[PDB]
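Have a look at the structure below, then the notes.
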Amino acid sequence: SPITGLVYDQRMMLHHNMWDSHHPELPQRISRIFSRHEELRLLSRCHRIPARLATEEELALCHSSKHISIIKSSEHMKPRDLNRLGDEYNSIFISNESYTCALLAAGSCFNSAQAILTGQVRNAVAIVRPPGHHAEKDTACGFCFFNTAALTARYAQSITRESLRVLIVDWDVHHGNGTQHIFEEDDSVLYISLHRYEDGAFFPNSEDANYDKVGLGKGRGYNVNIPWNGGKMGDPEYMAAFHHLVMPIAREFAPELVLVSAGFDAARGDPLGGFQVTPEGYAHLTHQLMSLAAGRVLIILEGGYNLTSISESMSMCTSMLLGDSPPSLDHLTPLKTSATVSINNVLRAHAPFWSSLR
Ligand SMILES: CN(C)Cc1ccc(S(=O)(=O)n2ccc(/C=C/C(=O)NO)c2)cc1
Ligand SMILES: [K+]
Ligand SMILES: [K+]
Ligand SMILES: [Zn+2]
């Protein structure tokens with residue numbers, strides 16, 4: 001009798017790269033995930049939540065009006081202008097439909113958050129593109145135009161109270177620089193990220209992503225960065241990180257709503273991440289988060305670029321939200337030595353702020 005929501009809309013496939021049809025952020029990323037849900041017959045077990053466009057008023061919850069106006073103008077640009085405008089950012093391609101698709105993925109998530117916080121569904125999954133977590137207040141970055149998960153947290157605050165406590169768990173393989181920045185001075189939104197770092201060398205190449213960035217002002221303590229260095233990470237490393245850091249801090253935060261920036265480019269077989277998290281692994285992480293916030297969980301697709309890997313992985317995540325038993329997880333071998341060093345580094349950076357860490 002608890003209902004799981006699912007939002008997907010084909011029109012988000014229209015955002016595309018007109019000079020390199022093989023660019024890895026592919027229209028069929030969302031259609032492959034959705035099709036895999038039909039094959040496992042999870043689709044008919046969920047309630048369909050419709051997509052909509054975000055308003056420009058809603059976009060102003062996190063983004064400047066200058067940044068909204070430039071992306072918006074690209075809907076009518078000639079190809080040569082689309083290319084020149086795209087090159088003014090760090091890793092961005094743009095077509096005439098890009099604007100609408102970025103509006104569609106945020107509006108799909110506002111509707112999903114609204115269904116949760118009125119008690120129409122218990123939890124929800126959002127099969128959307130282009131992704132959001134690199135987008136800054138003032139600019140686009142790394143295939144992202146608007147920060148969908150940040151906009152979703154402010155929209156949720158706007159339909160409840162302003163200080164509603166939102167936990168954002170970001171398990172995409174890259175650091176969510178735009179999201180950290182948007183809430184760095186905020187104690188109402190808890191940002192927890194796992195990400196490949198390599199002493200600042202992995203994308204997005206900034207030392208903002210190290211464990212010593214714990215937040216500013218009244219937000220000191222509410223930013224948790226868990227960086228990996230020098231190892232091909234997998235299910236052991238992520239199970240230990242939840243067990244020691246994510247779940248203690250998050251229980252102590254006691255969120256009223258949980259957003260997952262759910263990128264699957266740390267999954268075994270991705271051509272960018274170099275990690276080996278399994279679909280079983282992602283399922284267990286989902287299952288653990290389900291214990292927070294009276295189960296109010298929203299799963300947001302971010303990165304992830306092996307088509308088979310992202311389909312199997314998110315589908316396991318939907319199977320957890322629907323209530324199925326967690327799958328057989330293999331053996332938690334000891335952690336790569338460097339992954340232990342990483343976890344201890346976060347415990348020492350955050351134990352002054354969280355009484356459940358030492
Ligand atoms: C090594 N120096 C030159 C910097 C550098 C520049 C570009 C690229 S890139 O073009 O390969 N690139 C862009 C975005 C993503 C990931 C997106 C995602 O999944 N977020 O979740 C991957 C990598 C590195
Ligand atoms: K991340
Ligand atoms: K924060
Ligand atoms: Zn990524």
Side-chain angles (χ1 to χ4, degrees), residues 131-134 147-150 152-154 156 164-197 204 206 208-216 218-219 221-228 233 237-266 275 277 281-282 284-293 295-303 317 339 342-357:
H133 72 145
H134 293 297
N147 202 315
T148 282
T152 299
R154 295 281 187 237
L164 188 89
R165 303 192 294 288
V166 165
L167 158 65
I168 301 200
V169 168
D170 182 334
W171 71 40
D172 186 287
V173 84
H174 309 92
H175 190 231
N177 51 299
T179 316
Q180 165 170 302
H181 291 158
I182 283 164
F183 302 106
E184 201 156 3
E185 277 167 335
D186 194 327
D187 65 346
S188 79
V189 185
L190 174 59
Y191 183 58
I192 294 173
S193 188
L194 299 304
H195 51 262
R196 193 173 181 198
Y197 181 59
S206 169
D208 294 354
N210 219 342
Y211 60 85
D212 59 342
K213 314 305 192 283
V214 304
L216 308 164
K218 70 169 179 301
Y222 297 91
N223 195 87
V224 190
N225 276 329
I226 316 180
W228 309 117
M233 296 323 167
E237 288 64 37
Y238 280 71
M239 290 301 129
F242 271 59
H243 172 83
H244 289 297
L245 288 173
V246 187
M247 298 296 305
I249 291 162
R251 288 171 183 121
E252 196 180 346
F253 183 66
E256 296 159 284
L257 172 63
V258 179
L259 308 174
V260 200
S261 267
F264 297 91
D265 36 16
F275 285 10
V277 175
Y282 284 109
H284 278 261
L285 302 180
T286 296
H287 187 78
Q288 283 173 55
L289 298 174
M290 281 180 51
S291 72
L292 303 160
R296 302 169 147 181
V297 181
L298 177 47
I299 310 267
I300 310 201
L301 180 70
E302 296 279 10
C317 288
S342 287
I343 283 162
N344 292 334
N345 279 344
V346 190
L347 282 166
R348 165 177 99 271
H350 280 272
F353 308 103
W354 300 99
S355 99
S356 75
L357 321 168

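Scope of the values below: all heavy atoms of this structure, side chains included, with no hydrogens, waters or symmetry mates. Numbers here are sequence positions counted from 1.
Looking at heavy atoms from C-beta onward, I300 lies out of side-chain contact with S261 at the 4.5 angstrom threshold. For the pair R348 and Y211, the minimum side-chain heavy-atom distance is below 4.5 Å. Put simply, the side chain of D186 reaches to within 4.5 Å of the side chain of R154, judged on heavy atoms. At a threshold of 4.5 Å between non-hydrogen side-chain atoms, the residues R251 and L292 count as touching. Contact check for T152 versus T148: side-chain heavy atoms found under the 4.5 Å cut-off. Residues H134 and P204 are in side-chain contact: their nearest non-hydrogen atoms beyond the backbone lie under 4.5 Å apart. Side-chain contact between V246 and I226 is present, with heavy atoms from C-beta onward closer than 4.5 Å.
Judged by distance alone, the side chain of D187 and the main-chain N or O of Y222 form no donor-acceptor pair under 3.5 Å. With hydrogens and angles disregarded, no donor-acceptor distance shorter than 3.5 Å links the side chain of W354 to the backbone of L347. Side-chain atoms of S342 come within 3.5 Å of backbone N or O of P227 as a donor-acceptor pair. Using modelled atom types, one side-chain atom of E252 and one backbone atom of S356 make a donor-acceptor pair closer than 3.5 Å. Remark: side-chain polar atoms of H350 are not paired, donor with acceptor, to backbone N or O of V346 under 3.5 angstrom.
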- prompt: Given the rule in the side-chain contact (heavy atoms from CB on, under 4.5 Å) test, do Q180 and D170 qualify, once you have shown the distances and angles that lead to the verdict?
  reply: CA-CA 10 Å; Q180 165 170 302; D170 182 334; over 6 Å; no
- request: Mind running side-chain contact (heavy atoms from CB on, under 4.5 Å) on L245 and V224 for me, showing each step along the way?
  value: CA-CA 9 Å; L245 288 173; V224 190; 5.6 Å; no
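Each of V166, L190, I168, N223 was scored for a side-chain contact (heavy atoms from CB on, under 4.5 Å) with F183, with one residue passing: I168. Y282 pairs in a ring-ring contact (aromatic ring centres under 6.0 Å, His included) with only one of the listed residues (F275, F242, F264), which is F264.
Scored by the ring pair (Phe, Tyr, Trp, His ring centres under 6.0 Å) test, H195 finds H175 as partners (sequence neighbours excluded). Applying the side-chain contact (heavy atoms from CB on, under 4.5 Å) criterion to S291, with sequence neighbours excluded, gives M247. Partners of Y191 according to the ring pair (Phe, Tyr, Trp, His ring centres under 6.0 Å) rule, which considers only residues two or more places apart in sequence or in another chain, do not exist here.
With values rounded to the nearest 0.5 angstrom, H133 atom NE2 is found 8.5 Å from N147 atom CG. To the nearest 0.5 Å, atom CG of residue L216 and atom CD of residue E185 are 5.5 Å apart. Residue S188 holds its OG atom at 7.5 Å from NZ of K218, rounded to the nearest 0.5 Å. For the atom pair OG (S206) and NZ (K213), the distance works out to 7.5 Å, reported to the nearest 0.5 Å.
Between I249 and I192, the shortest heavy-atom contact is CG2-CD1, 4.1 Å. Of all heavy-atom pairs spanning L259 and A149, the tightest one is CD1-O, 3.6 Å. For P131 against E302, the heavy-atom pair with the smallest separation is CB-OE1, 3.3 Å. When all heavy atoms of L357 and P248 are compared, the pair lying nearest together is CD2-CB, 3.9 Å. Scanning both residues, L167 and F253, for their nearest heavy atoms gives N-CE2, 4.0 Å. In plain terms, the two heavy atoms of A262 and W171 that are nearest each other are CA-NE1, 3.4 Å.
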